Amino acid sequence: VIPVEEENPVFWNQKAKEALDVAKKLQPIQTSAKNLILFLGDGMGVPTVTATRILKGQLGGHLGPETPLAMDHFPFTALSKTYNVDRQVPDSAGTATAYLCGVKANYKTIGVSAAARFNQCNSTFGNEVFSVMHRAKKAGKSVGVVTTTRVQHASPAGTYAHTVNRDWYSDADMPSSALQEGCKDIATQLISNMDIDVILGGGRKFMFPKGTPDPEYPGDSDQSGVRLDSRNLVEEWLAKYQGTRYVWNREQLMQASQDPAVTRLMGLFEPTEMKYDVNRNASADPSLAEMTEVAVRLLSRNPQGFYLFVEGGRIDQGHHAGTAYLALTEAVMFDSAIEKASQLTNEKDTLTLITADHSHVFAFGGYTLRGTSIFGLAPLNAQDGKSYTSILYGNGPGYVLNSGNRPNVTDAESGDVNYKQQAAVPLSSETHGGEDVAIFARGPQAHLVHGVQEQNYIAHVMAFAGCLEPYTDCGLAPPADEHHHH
């Protein structure tokens, strides 16, 4: 599609002139930040960002690539180098330590330096590193963790846990030697390492004794509590302070959000991961944007400020399943959660960063026409005379081999919710990509997010901006009425 207005050079010259006016008037905010917000698109590399822009644009009735995402409005951009100390193509755990603790680490370990060794419980002790969230709490700020995966997953675990094995969700996942050597399962670390004001996401089963029926799936033994120590970790967390509340559904969450007696909130919406947004039960399950709204409303009450971590954790899982429809629809919802927080916070006192922990081997090509579906076919058949989708994965479960016969997929099949795009190599799960990811920033000290940075830099910018340890001697003025003129 050739939009007529774009045929005129005046359209492009005017757009560029307006962008130059925005750039020339752009001002940095030179105060500290009262609030610190980190939005993490799990697996949301640069290809995912563009494909999400096209999808969100088209859902809104536009052609796609021209339509800005909520993240595209952020004034400051940088590239983030994602490598783990031991692996150049990283995982979620090792990356979590970098952007949440400010120290690069080893693949599959959380909140520990690279002196630690994967699955070696004894290597934990003396090697723990502390999160910006932990440090925000020590400074008197309120702290929050919001995710679409289990709250015990690698990314949210990076804000509170210290483990040499990211698979240790409950005591049921641990070898006896690790339990005896003094290692704690992630679910236990969640309630005991530090005070967390807001915990929202999935992961009910790892918090309850073995056989405890799930409130949503009581008849399914696979959804039941799994704990071997018979501890009710939800009960133990509630008992820590006055004003705590536990919710497991959307109605309870909405009621809790309005309740003045509630000051701390734990909301666990599924036995493990939350349903993909497209499969969400709108009456039972809250959306990521709803969870972020409740989190901001509760955390906002503390006049000292807050640190908030929001994770679009299922973008990663959609890509692992080679199902681009799931990965991209999750990213659409992630972008809406960014928009909601923007409506509820001011850049004058809030530093908001948007980034990814790593990328995937996801790409879209085939010289597709303007305004066509991202899930569509390339305009020409491939060398074998059969069609090909714009989206293709390097590896994963989408690999097809009907003997030596490549399928000849239709537009109807390719746009299907459960369609797995073709891949070059078979794997039960598609792999991460090792390439750099974007960092978007808005608010006090956002101008420090520039150039090409090591991933661990994200944690240091946020700690510096909030005058948190090791930067208590920040030398920054408190937030006032300095804005971007954006």
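Residue numbers run from 1 along the displayed sequence.
S.K.: Quick check: 413-421 versus 429-437, which has the larger average CA B-factor in the record?
M.R.: It is 413-421 that shows the higher mean C-alpha B-factor.
S.K.: Would you mind comparing 115-123 and 315-323 for me and telling me which has the higher average C-alpha temperature factor in the entry?
M.R.: Averaging CA B-factors over each stretch, the winner is 115-123.
S.K.: Kindly indicate the residue among 154, 261, 308, 71 with the greatest C-alpha B-factor in the PDB record.
M.R.: If I rank 154, 261, 308, 71 by C-alpha B-factor, first place goes to 261.
S.K.: If you compare 202, 376, 94, 75, which has the highest Cα B-factor in the entry?
M.R.: When the deposited C-alpha B-factors of 202, 376, 94, 75 are compared, 376 is largest.
S.K.: Residue 63's Cα B-factor: lowest, middle or highest third of the chain?
M.R.: Highest third, going by the recorded CA B-factors of the chain.
S.K.: By the record's CA B-factor, is residue 167 among the lowest, middle or highest third of residues in the chain?
M.R.: It falls in the top third of the chain.
S.K.: Taking only the Cα B-factors deposited for this chain, tell me whether residue 273 sits in the lowest, middle or highest third.
M.R.: Middle third of the chain for residue 273's C-alpha B-factor.
S.K.: So where's residue 144 on the chain's Cα temperature factor ranking, which third?
M.R.: Tercile = lowest for this residue's CA B-factor.
S.K.: Split the chain's modelled residues into thirds by Cα B-factor; is residue 132 in the lowest, middle or highest one?
M.R.: Lowest third - that is where residue 132 ends up once the chain's C-alpha B-factors are sorted.
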